[PDB]
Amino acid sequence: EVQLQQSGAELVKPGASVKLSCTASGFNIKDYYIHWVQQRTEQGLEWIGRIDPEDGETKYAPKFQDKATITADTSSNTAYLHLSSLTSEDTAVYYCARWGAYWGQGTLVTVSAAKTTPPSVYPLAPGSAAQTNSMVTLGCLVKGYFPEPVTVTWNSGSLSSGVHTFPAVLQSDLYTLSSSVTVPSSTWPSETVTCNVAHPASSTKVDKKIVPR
């Protein structure tokens, strides 16, 4: 099967540079043009350029000419996207693509002078002796981290039905994220409900068991 695996999320200070990666499987990149696309929250999808890994020929949209440099390595079956003099307008998700239907999962690139901070996770519980209803809603508050992303799961991915993980919101160079889970009351007091928060930029994986009070 055809698949494109891109590198992890990147945090770059404004004016610096970064090189994103894209490794392919199920085919040889030498046989097809490898494209790069950016998507900003307010400007949609924009084609950056492509490379013919067979001869190294590169094309670029005139907008990204002096900004983007595309390279490829047929030996490792990998394509690269180098971005220079990154401004805050370059904060976007960057996609790798074999044109048509084959896309990578995307790479978040945040351009900001803010410092990296691990999150504080706080449990949200109704409390012991509280009125028992049919359902109970537990929560998890992830506060004061930078940058994106943060991975939140419940019971190591076992709980997925009634989970709502909300998008992060930036307030003074720090993000705040919350997640709720609704389970039957016949389970949570007797069964373990644990909030699994991961923040790769700080290498912090925290499990937060939801206890009543």
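Throughout, we count residues from 1 along the sequence that is shown.
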item	value
Per the entry, higher mean C-alpha B factor between 31-39 and 65-73	65-73
Stretch with the greater mean C-alpha B-factor as recorded in the entry, comparing 92-100 against 125-133	125-133
Peak C-alpha temperature factor (PDB record), options 148, 52, 173, 46	173
Position of residue 181 among the chain's modelled residues by C-alpha B-factor, lowest, middle or highest third	lowest
Ranked against its chain, the third holding the CA B-factor of residue 114	highest
Residue 86, C-alpha B-factor rank within chain (lowest, middle or highest third)	highest
Chain thirds of CA B-factor: placement of residue 26	middle
Third of the chain, ranked by Cα B-factor, where residue 159 sits	highest
